[PDB]
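We begin with a single chain expressed as structure tokens, specifically the form deposited in one PDB entry.
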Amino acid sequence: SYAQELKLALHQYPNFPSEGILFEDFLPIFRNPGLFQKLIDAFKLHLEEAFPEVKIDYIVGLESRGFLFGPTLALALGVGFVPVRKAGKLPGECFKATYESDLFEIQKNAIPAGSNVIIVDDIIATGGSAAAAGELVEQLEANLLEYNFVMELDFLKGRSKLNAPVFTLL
């Protein structure tokens, strides 16, 4: 239901990133508060159904598109939000992880060991950046309950680079 209305709001751009790469732009969703609320409601409903008796401590969002809906979802759930950023952006002591090359970081003091988290991002394509975020979560000695994405490019089979379960809305 919501997923369908959200799918319709997406705009496709052929060869945008680069030749061959078809891009799925979810930005129009945020331009409309009604559509944005539906996106948040859809993820919240999924997490309540998937983890009925497991408390989620933090939503961990990937820079920068994961930042567009991650914090809002965290607030809707009454939980904290922590970002995974491109290296060099976060101040203080950080754990690092590499996607063979792109480097990512997370602040060491952001999440206590034993915390249960959900990693979110807009699109899972190759899955490389999400995989790196998983490693960062592992270093914090936290538990990765699931990855939640808005869209998934099946032909790239990015889900195969990820250990924890994956849920994709559209």
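Residues that one form lacks are left out of the comparison. When you see a residue number, it is the position in the sequence shown, counting from 1. In this text, the rigid core denotes the largest set of C-alpha atoms whose superposition between the two forms falls within 1.5 Å.
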Practice task
Answer yes if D102 is missing coordinates in at least a third of the other compared entries, and no if every one of them models it.
Solution key: yes
Completion exercise
According to the PDB record, deposited residues with no modelled atoms between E100 and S101 number 4 to 9
Practice task
For the higher mean C-alpha B factor in the entry, choose 65-73 or 105-113.
Solution key: 105-113
Exercise for the section: Take the C-alpha B-factors listed in the entry for 158-166 and for 19-27, compute each mean, and give the stretch with the larger one. Expected result: 19-27
Completion exercise
Of the three thirds of the chain ranked by Cα temperature factor, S129 occupies the middle
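As for the form deposited in another entry, it is not shown, yet the points below apply to it.
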Exercise for the section: For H11, state whether the C-alpha moves by 2 Å or more between this form and the one not shown after rigid core superposition. Expected result: no
Handout entry: Core-aligned C-alpha movement of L153 between this form and the one not shown reaching 2 Å
Key = yes
Practice task
Could you tell me whether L156 and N148 have their C-alpha atoms closer or farther apart in that other deposited form than in the shown form, knowing the shift is 3 angstroms or more?
Solution key: farther
Completion exercise
Working note: in that other deposited form the C-alpha atoms of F155 and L68, off by 3 Å or more, come closer
Fill in the blank from the handout: Counting only common residues, the segments between this form and the one not shown where three or more consecutive C-alphas all move by 2 Å or more on the rigid core are 153-160
